[PDB]
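Analysis of the macromolecular model
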Amino acid sequence: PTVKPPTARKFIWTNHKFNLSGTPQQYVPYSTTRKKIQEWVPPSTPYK
Amino acid sequence: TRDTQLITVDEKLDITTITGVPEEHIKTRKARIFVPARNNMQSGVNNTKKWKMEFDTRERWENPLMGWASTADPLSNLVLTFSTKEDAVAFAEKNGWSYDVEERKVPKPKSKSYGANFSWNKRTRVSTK
Amino acid sequence: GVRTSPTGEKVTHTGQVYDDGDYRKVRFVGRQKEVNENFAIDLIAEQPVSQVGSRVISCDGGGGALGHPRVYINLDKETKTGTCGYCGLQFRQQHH
Amino acid sequence: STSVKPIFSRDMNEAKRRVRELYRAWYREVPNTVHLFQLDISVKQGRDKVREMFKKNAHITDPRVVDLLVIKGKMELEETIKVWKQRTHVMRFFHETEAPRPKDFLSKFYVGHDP
Amino acid sequence: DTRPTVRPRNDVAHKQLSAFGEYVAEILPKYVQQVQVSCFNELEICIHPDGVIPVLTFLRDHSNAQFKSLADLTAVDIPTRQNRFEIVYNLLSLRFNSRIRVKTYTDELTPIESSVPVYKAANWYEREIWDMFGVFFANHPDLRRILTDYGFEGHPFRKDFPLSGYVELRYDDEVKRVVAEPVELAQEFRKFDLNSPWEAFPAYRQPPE
Amino acid sequence: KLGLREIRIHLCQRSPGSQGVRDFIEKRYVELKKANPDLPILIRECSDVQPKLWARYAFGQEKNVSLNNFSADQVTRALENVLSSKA
Amino acid sequence: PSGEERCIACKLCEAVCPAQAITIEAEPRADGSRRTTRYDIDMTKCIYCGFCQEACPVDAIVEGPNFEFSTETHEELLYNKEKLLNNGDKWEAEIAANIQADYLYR
Amino acid sequence: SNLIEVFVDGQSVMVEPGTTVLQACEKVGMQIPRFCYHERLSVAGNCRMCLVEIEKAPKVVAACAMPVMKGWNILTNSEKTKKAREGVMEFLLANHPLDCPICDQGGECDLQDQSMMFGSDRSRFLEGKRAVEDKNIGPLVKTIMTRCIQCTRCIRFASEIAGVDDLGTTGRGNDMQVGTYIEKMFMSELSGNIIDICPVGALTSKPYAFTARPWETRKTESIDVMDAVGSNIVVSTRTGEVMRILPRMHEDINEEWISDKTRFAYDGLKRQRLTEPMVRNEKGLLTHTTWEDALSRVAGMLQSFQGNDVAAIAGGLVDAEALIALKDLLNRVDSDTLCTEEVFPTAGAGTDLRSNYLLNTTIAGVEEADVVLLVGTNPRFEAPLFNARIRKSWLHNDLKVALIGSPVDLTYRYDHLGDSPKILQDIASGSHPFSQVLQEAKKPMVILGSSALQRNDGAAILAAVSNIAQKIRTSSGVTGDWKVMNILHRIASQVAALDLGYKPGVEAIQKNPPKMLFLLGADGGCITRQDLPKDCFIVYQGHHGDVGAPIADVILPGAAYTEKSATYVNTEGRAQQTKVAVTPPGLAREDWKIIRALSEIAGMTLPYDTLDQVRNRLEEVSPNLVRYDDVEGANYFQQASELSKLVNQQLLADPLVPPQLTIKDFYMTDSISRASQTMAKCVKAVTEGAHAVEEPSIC
Ligand code: SF4
Ligand code: SF4
Ligand code: SF4
Ligand code: SF4
Ligand code: FES
Ligand SMILES: [K+]
Ligand SMILES: [Zn+2]
């Protein structure tokens, strides 16, 4: 890379990270979608 | 003719005991014997030729970790293909599944006339091509 | 860009964030929630619009065979910009 | 059409003779099974299980189906006698970890949608 | 044969296999129901299930046959037929450098004569068919499961058997052993509908009912 | 109490077995409804059913009377027994 | 190069995947773009066959050059869209150089 | 007899004269390629994809438009035929955009599929492509018109099926563009069907845009319940979620179309959903609880009360199983007060005879009628596919249609006799000229909308219209078995409720205010707490928090029509059963199971514990409710009329104004459609224009 450097993009990380497994920086998987079914919220007034 | 020396069994064929299927997936499952309906989005009719047998839909839920669709139904993706309704029914009977058959829906023949688009005294005249 | 909830959790580019009462945010205790920080919706908006001198322009994403399939964009409407359906670049006709 | 090639038995009397013969072999073998595999069950428990497995198919009336169940029963006996099965395979008959599932309507109604 | 992308047709082998097909049907009319040759030159003899031993012995031992090797013996499940199982024997003649296929049929409750007397290769092939399709072979030296787990219930290669089966295994610490539980999947297998609604092969179009 | 709440008559549109019940409905049903203004008498038809007379009293008890191959006169008595005598 | 995502939620990688390792969900974005809300690769289902990068029409999904990503837990190998976008951002410099060397054979 | 013999690939087939070469190939099983031809639209002949060789004829013929002639041999697989197909497919793809990845039609596209099967495998087009600007025709149909292939199916459909002449071609040549020319919306109760007939991604569903792919959806063949037509549908699901609704062809009901309420209201199933049982706390607020607790509170009140003190109102979207189960439970406390929100006059025969409250002629019979008299109904918005059947008969049979009611656009011209109900008396006597038209008609048809009967004078109108039907049937030369009187319902559960003996309308509940009320999905607002003893204990069962839930003591979540296998009876009396597509959300349970569970807690256990047993019970109450897809005819019209005359009620002088007058009243009519945000944008679009409904669309 000193002779043929890589192309620069803005989004490319400026600081490489090594394997973080087993540390507080590890990756925890999670669902990235939002809630599908919205639940009716009962009225907060005393009715009758 | 065939000379194996044969017996005569007059009972109905019933193979549930020898199939290895658990109890709950024979007594409680309702099969649907049907010809699939043509997908309305297309005009091809080659997927409406054969009879199908599918099972009632049971619960799917969200996996707590990734949100994937989890199931406890071993027959959820099970589909069988038959040439006739009588073939599909016989298979369900010997396997002990209860079934609701649905008769094939055949498109009716229509009367198409290109000359009717320019009729002289009828409403079939088109205002555009 | 990245927002945070009142609970402190980061909101991802899809808008996901565990709500106040969800127990599933326990998976991040002692660890971290991985959110990519370069929201493509923000980045594609920073691009300048390209002024062209024809009704119809083609976009292939740049790089030739390394982009997307080539498509043509009609630029007759002057109340909006033409947008690539693949890459999101914007084009406008130059008052011809 | 009702004429069908026999597997072994020509009628249900010949088939039930093989059912009893297989029950004797399984009945005799349970004490050895509990000993060799070092099962914590009692020999009475093992014989109640063998009996139970034999009542599931008590409604059958087709000689050919009866023969197959006997063929499969003798195959399972050989795996047990020759110790091809392991302790985990023997104890799968007793479903020791499966939690009891409700049979009535209300208990089944509270848990979910299954019939 | 000069179309770069199209498999060339070998008319000479088609004629020879057609002739030998009639030959087998003339000598064994008692068992042979159908004889056919494919467009890529593979001869098939369809027989009554009673003729397994006579047909296989003639092909192995006849001097104008000499199919001394059993390449394969397998089963196909077709639920739409009353005889849902199609038993297929693939045989190789090293003398004449030919292959032939012999097919017969059965159902769940009907035995098929074990062909171990003709080919000793068939012993394990029949155990496999018994285990995966539940077809019983009469007079087998030892018929028992070969591929499935000990005590496994069912015959997995039947079209009506579920892909993921009915039981799964885990190690339970309470009982200090591997236990079997009903099967649940964190992600259900996703069934894709792929068949196109437009006919692809007119030459195989079946007649209207 | 313990009085009749509802009557249902099931019959086939065309089968010979129901011929008696059809005659009753054509001739005598109008009077029956005018006699019992508030009692719901539900005449529900369906092809190829063995005709029956369902009567529902208080608290869900029900009785079924076959009418297969009855005559219009017999159907009238069958209804009379139900209307008059109430369990 | 602008920083917009290449993936258009066409789901051909999902269909071709022999292992059913890919789960995708999509919807219109605020600007109306066709984009994924879910892009999961189960790395313990995947056979690393590369059919998904062959199928993709926009080079959005690639198997990178990295082979040194062992984990201490099974959950760390179930990748969602954020992890995969971070892999591309992390490894873009090398990935692009390799695609440059091979795209004339593809 | 009149049949002529033609050959398809050397195979003889006997066809009626007038059969097209394309239809002759159908009878041997061969499907000719097509793009512009649709069996339910007029022949166009513009795509040229059906060109086929005729043996011993030099020029290929368009199969879709060419009638066969005696002795013709159609060569569908000939070299001349195949080369025609590759050429035409080559032209169709020359200017088509490379959009398949970003196009919702991908995977279910007749252009893609017919390219694979009848087109070349490569391109020799080395020029630039045409790019067309996109057009906004409303909130429900997205237009990427660069994908259009100019088949004019949308034009022919909108003109001929939907009776709307707003789509056309502008310009000519390669620049001929489909659209409206001006900025206009193609908003119709049937507008969403152009999406299906468009063979390409030019017209796609906006609500469905980008969410799924065809191959990954599971198809569940179910029934629509947004009205009383009973349209057969396909519910597409993926990973336990409903993705879209599609029509399923049923010839004798909906043909192959559905209304836009049926097609785009499913998004209402994901909002305002009841998912947990609820009881009132000390502060008087609804709070979540368990099934054990809620059903023990309902059983306590159910056991204490008895007789008339217990009542129930059923809503529009309630199936037969939940109806019979609740009738049995209330009968065991000795309550007959099973009411419905929809009113049907009870004087006379009432519900005793089926023929009194059914559309006896059936939807398919409309095509055989000679005169149709619509009384006090807007069938366009009450029964969109029934109205579409009238227009098909208007178009192809020269049907004469007359209307007694407010003048509403039905998409086809009609004879407006007037709006006053008194005209019905004139027609019967013979004063009004239309009476001759009805008398001479060989097969007349009279249709009374159930919306007319909601008036206080309903018993009068039903008597009058029934009288008109009898004279022209008995006292005129109408065929023996042509049934004239018809009632058009608008509520999915009505016909099933009436078959089970439910009392139509909430009159009984008003006459005897009960101390316990079961609101079985009753969201009509017919009975409010100002009409109740003030200590009333209301148990609401349903799937949406709308009107009933906020006024209830106990909420028992149920399943929507997509989440259960339930029986519904359409306006003709046909019984049809849905299937489970997805299971109920949260703690929601099947509707009849809640009642069976409640009955056991109250020591009143019902004699059915499975779906098959609760359908044997339906067979004991009405045998027709378990004959699926079979229309059981009714009869005894003469007897029904006799009882009708006795009372003689008096008509009022109010004009017959239908509840729905313009398209804006069509979209939001029940709890599912009120919760839908797509129907919310539909209502906004037709009342405010496209200014605030537009969304930027790129692909
Ligand atoms: S490399 Fe992995 S994710 Fe990609 S197609 Fe192959 S198995 Fe699927
Ligand atoms: S990664 Fe590529 S193939 Fe997969 S959905 Fe995105 S654009 Fe389509
Ligand atoms: S309509 Fe869409 S899916 Fe069909 S060929 Fe055109 S771009 Fe591809
Ligand atoms: S918009 Fe669709 S249906 Fe209308 S002409 Fe174009 S391709 Fe045909
Ligand atoms: S289908 Fe015949 S020309 Fe279009
Ligand atoms: K379309
Ligand atoms: Zn682009």
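Residues numbered from 1 in each chain as written, not as in the entry; some residues may be left out. Chains lettered and ligands numbered in written order. Part of a larger assembly, values for the part shown. Heavy atoms only, no water. Residues with missing side-chain atoms left out of burial classes, pairs and counts.

Per the PDB record, this model was obtained through cryo-EM at a reported resolution of 2.76 Å.

Counting its secondary structure elements, chain D contains five helices and one strand. Each helix and strand of chain D, ordered N terminal to C terminal, gives the series β-α-α-α-α-α. Relative to its length of 115 residues, chain D is extended, with a C-alpha radius of gyration of 18 Å against a globular reference of 13 Å. With the C-alpha coordinates of chain D rotated into their principal frame, the extents come out at 50 × 40 × 20 Å. Contacts in chain D between residues at least 24 apart in sequence constitute 73% of all its contacts with a sequence separation of at least 6. (Helix = DSSP H or I, 4+ residues; strand = E, 2+ residues; numbered from the N terminus. Rg over C-alpha atoms; globule rule 2.2 N^0.38 Å. Contact = heavy atoms within 4.5 Å.)

What chain G contains, in helices and strands, is three helices and three strands. The N-to-C order of helical and strand elements in chain G reads α-β-β-α-β-α. Expected size for 106 residues packed as a compact globule is a radius of gyration near 13 Å; at 14 Å, chain G falls within 12% of this value. Seen through its principal axes, chain G has C-alpha atoms that stretch 40 × 35 × 25 Å.

All names here are of chain H. The mixed open sheet is built from five strands, whose spatial order is 2-1-5-3-4. The sheet terminates laterally at strand 2 (11-15) and strand 4 (61-62), the two strands that pair on one side only. As defined by bridge partners, strand 1 (residues 4-8) adjoins strand 5 (residues 73-75) across two bridges and the pair is classed as parallel. Bridged to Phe7 within strand 5 is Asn73. On the sheet, helix 2 (residues 79-92) packs against strand 3 (51-54) and strand 5 and is oriented at approximately 165 degrees with respect to strand 3. (Pairing = 2+ DSSP bridges. Axes fitted to C-alpha atoms, helices over the stretch in contact; angles between N-to-C directions.)

What follows concerns the side chain of H:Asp267. Residue and element names in this part refer to chain H. Structurally, the position occupied by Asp267 is in the loop between helix 6 (260-264) and strand 13 (278-280). Put simply, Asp267 is tucked away with no salt bridge, and the nearest opposite charge, on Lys270, sits 5.1 Å away. When near neighbours in sequence (up to four residues on either side) are disregarded, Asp267 contacts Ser676, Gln677 and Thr678. (Buried < 20%, exposed > 50% of the residue type's maximum accessible area, 1.4 Å probe, protein only. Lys, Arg positive; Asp, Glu negative; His and termini not counted. Salt bridge = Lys/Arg side-chain N within 4 Å of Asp/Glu carboxyl O.)

Turning our eyes to something else, we now look at the state of the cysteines. For the coordinates displayed, the defined rule picks out zero disulfides over all chains. No disulfide involves E:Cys46; its sulfur sits 16 Å from the nearest other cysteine sulfur, which is in E:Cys39. The class of E:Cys46 is buried, set by a relative accessible area of 15%. Free of any disulfide, F:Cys12 has its nearest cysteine sulfur in F:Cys46, 7.9 Å distant. (Disulfide = S-S within 2.5 Å.)

Surveying the vicinity of ligand 4 reveals 13 residues, the closest of which are H:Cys148, H:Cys151, H:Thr152, H:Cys154 and H:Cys198. Taken together, the residues of the shell around ligand 4 sort by class into 10 nonpolar, two polar and one charged. (Near = heavy atom within 4 Å. Nonpolar A, V, L, I, M, F, W, Y, C, P; charged D, E, K, R; others polar.)

Let us now look at the coordination of the zinc ion (ligand 7). Residues and elements named next belong to chain C. Protein coordination at the zinc ion (ligand 7) comes from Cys59 (SG), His68 (NE2), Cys84 (SG) and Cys87 (SG), with a distance range of 2.0 to 2.3 Å. Considering all four donor atoms around the zinc ion (ligand 7), angles at the metal cover 100 to 127 degrees and the coordination shape is tetrahedral. On the primary sequence, the residues serving as donors to the zinc ion (ligand 7) are separated as C-x8-H-x15-C-x2-C. Here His68, found in the loop between strand 4 (56-59) and strand 5 (71-74), pairs with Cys87, found in the loop between strand 6 (82-83) and strand 7 (90-93); they are 19 residues apart in sequence, far enough to count as distant. Accessibility classification places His68 together with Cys87 in one group, the buried group. (Donors = N, O, S within 2.8 Å, 3.2 Å for Na, K, Ca; no water. Tetrahedral: all angles 85-135°; square planar, octahedral: opposite > 155°, others 65-115°.)

Another point: the environment of H:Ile595. All names here are of chain H. In this fold, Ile595 is placed in helix 16 (residues 591-601). C-alpha separation for the pair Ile595 and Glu86, spaced 509 residues apart in sequence, amounts to 62 Å. Setting aside its immediate chain neighbours within four residues, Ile595 contacts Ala322, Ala325, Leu326, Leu329, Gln541 and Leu606.

With that settled, the discussion passes to the arrangement of the chains. Where 17 pairs of chains are in contact, the pair with the most contacts is made of chains B and H. In this structure chain C stays clear of chain D, and the shortest span between their C-alpha atoms is 22 Å. Of all C-alpha pairs spanning chain C and chain F, none lies closer than 48 Å, and the two are not in contact.

Here we take up the interface of chain B and chain H. Each side of the interface is counted separately: chain B has 37 residues, and chain H has 52 residues. Summing both partners gives a buried area of about 3,700 Å² for chain B against chain H, and 44% of it is carried by carbon and sulfur. Our count for the contact surface shared by chain B and chain H stands at seven salt bridges. When the shortest N-O distance is used, the salt bridge between B:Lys110 and H:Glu39 registers 3.2 Å. (Buried area = accessible area lost by both parts, 1.4 Å probe.)

With respect to spatial proximity, the complete set of residues near ligand 3 consists of H:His96, H:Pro97, H:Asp99, H:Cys100, H:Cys103, H:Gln105, H:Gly106, H:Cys109, H:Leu111, H:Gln112, H:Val200 and H:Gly201. Across the shell around ligand 3, the residue classes tally to six nonpolar, five polar and one charged.

Another point: the interface of chain H and chain D. With 15 residues of chain H in contact, the opposing surface of chain D contributes 10 residues. Summed over both partners, the interface of chain H with chain D comes to about 1,100 Å²; 66% of that surface belongs to carbon and sulfur atoms. Looking at the side of chain H facing chain D, the largest losses of area belong to H:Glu292, H:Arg589 and H:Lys593, adding up to 45% of the total buried there. Where chain H touches chain D, the interface holds zero salt bridges. Across the chain H-chain D interface, the total number found is two residue pairs in polar contact. With seven residues, the single largest contributor to the side of chain H that touches chain D is helix 16 of chain H. When its residues are assigned to classes, the side of chain H that touches chain D shows eight nonpolar, one polar and six charged. (Polar contact = N/O pair within 3.5 Å; in protein donor to acceptor, adjacent residues only side chain to side chain.)

Leaving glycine out, the prevailing phi sign among residues is negative, and the prevailing peptide bond configuration is trans. Residue and element names in this part refer to chain H. One non-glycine residue, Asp334, lies in the positive phi region at around 80 degrees. Here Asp334 shows up in the loop between helix 8 (320-332) and strand 16 (338-340). One non-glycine residue, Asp629, lies in the positive phi region at around 70 degrees.

A few words now on the nonpolar core. Among the nonpolar cores identified, the biggest contains 214 residues, and F:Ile7, H:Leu302, H:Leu326, H:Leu373, H:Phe386, H:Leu448 and H:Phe518 are the most heavily contacted of them. Not counting residues within four places of it along the chain, the set of residues in contact with H:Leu448 comprises H:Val375, H:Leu453, H:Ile461, H:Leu462, H:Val465, H:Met485, H:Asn486, H:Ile487 and H:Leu488. In this structure, E:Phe20, E:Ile45, E:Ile47 and E:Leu73 belong to the second largest nonpolar core, which totals 61 residues. (Core = buried A, V, L, I, M, F, W, Y, C linked by side-chain atoms within 4.5 Å.)

Turning our eyes to something else, we now look at the pattern of salt bridges. Throughout the structure, instances matching the rule amount to 111 salt bridges over all chains. Put simply, C:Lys10 and C:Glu37 hold a salt bridge, and the shortest N to O gap is 3.3 Å. Taken together, the positions of C:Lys10 in strand 2 (residues 10-11) and C:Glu37 in the loop between strand 2 and helix 1 (40-45) put the pair 27 residues apart, joining distant regions of the chain. A residue is classified by how much of its surface remains accessible, and C:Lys10, at 28% relative accessible area, is partly exposed. Beyond isolated ion pairs, a larger network of salt bridges with shared partners links B:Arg38, B:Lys110, H:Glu39, H:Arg40, H:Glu251, H:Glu255, H:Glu256, H:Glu367, H:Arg389 and H:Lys392.

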